[PDB]
Amino acid sequence: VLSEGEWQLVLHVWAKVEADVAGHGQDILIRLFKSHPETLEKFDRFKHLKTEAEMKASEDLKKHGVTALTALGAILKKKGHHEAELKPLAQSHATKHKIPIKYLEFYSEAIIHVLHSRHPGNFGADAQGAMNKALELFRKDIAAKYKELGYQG
Ligand code: HEM
Ligand SMILES: O=N[O-]
């Protein structure tokens with residue numbers, strides 16, 4: 001359970017993302033793919049991309065980055081009351097895309113990394129704490145759905 005002040009921190013951070021959703025989404029996906037190349041293999045859409053330059057030049061990668069972070073922003077603005085929004089993503093990611101929960105942990109770390117990189121000296125220690133809690137909540141609630149469907153624990 002995040003506090004109100006922690007939710008406020010999270011959504012203040014998210015306001016930085018919303019000023020350039022495509023830019024953040026692209027930087028997150030590239031950080032993920034390059035830090036954890038197994039992740040790229042899950043995207044039949046993107047696995048042709050070999051180099052960071054090709055990733056950066058991919059307009060379609062940007063487009064998908066918008067789709068993904070738009071969904072995450074909507075979830076965060078629910079301040080934990082996200083059952084309806086989280087259900088479809090759980091089902092797709094477990095059963096269709098076949099994304100292990102561990103990869104969602106890597107995704108969370110890529111988000112944090114990119115926030116520091118884009119906003120140096122402006123992503124406060126309080127805000128990092130709050131964002132961690134928000135993301136941990138999202139992974140806990142997705143993981144329960146995966147467990148239900150026979151995918152994790
Ligand atoms: C915070 C984490 C994430 C969010 C909010 C998110 C959100 C979304 C959304 C909204 C879609 C399109 C709708 C859908 O198919 O359900 C999608 C598709 C997809 N996601 Fe994610 N996702 C996340 C994490 C991941 C991770 C970590 C991976 C892989 C390592 C992944 C792989 C995919 C794939 C393969 C698709 C299908 C893309 C296509 O071929 O068009 N997602 N995601
Ligand atoms: O992308 N995690 O440092």
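Please note: Cβ atoms are built from the backbone with ideal geometry, for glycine as well, and neighbour counts cover all protein chains shown. No value in this document is a laboratory result; all are computed from the given coordinates.
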- Would you say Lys78 is closer than 23 Å to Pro37 by Cα and of a type in the set (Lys, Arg)? no
Q. Among the residues of region 109-116, is there at least one that is without any contact (Cβ under 8 Å) to a residue 60 or more places away in the chain and more than 16 Å from ligand 2 (Cβ to nearest atom)?
A. no
(1) over 25 Å from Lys145 (Cβ atoms); (2) touching a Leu at 6+ places or on another chain (Cβ under 8 Å); (3) of a type in the set (S, T, N, Q) all hold for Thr51 apart from (2)
Checked region 79-99 for anything in contact with an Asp or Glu (Cβ under 9 Å, 6 or more places away or on another chain), surrounded by 12 or more Cβ atoms within 10 Å (Cβ to Cβ) and not small (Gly, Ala, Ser); matches are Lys79, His82, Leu86
Scanning region 92-126 for residues that are polar (S, T, N, Q) and closer than 19 Å to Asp44 by Cα, the one farthest from ligand 1 (Cβ to nearest atom) turns out to be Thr95
The condition from (1) away from ligand 1 (no atom under 13 Å from the Cβ); (2) in contact with a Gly (Cβ under 7 Å, 6 or more places away or on another chain) that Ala130 misses is numbered (2)
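The rows are residues; the columns are (1) surrounded by fewer than 16 Cβ atoms within 10 Å (Cβ to Cβ); (2) at positive phi.
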{"site": "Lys102", "(1), (2)": "yes, no"}
{"site": "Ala110", "(1), (2)": "no, no"}
{"site": "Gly121", "(1), (2)": "yes, yes"}
{"site": "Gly129", "(1), (2)": "yes, no"}
{"site": "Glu136", "(1), (2)": "yes, no"}
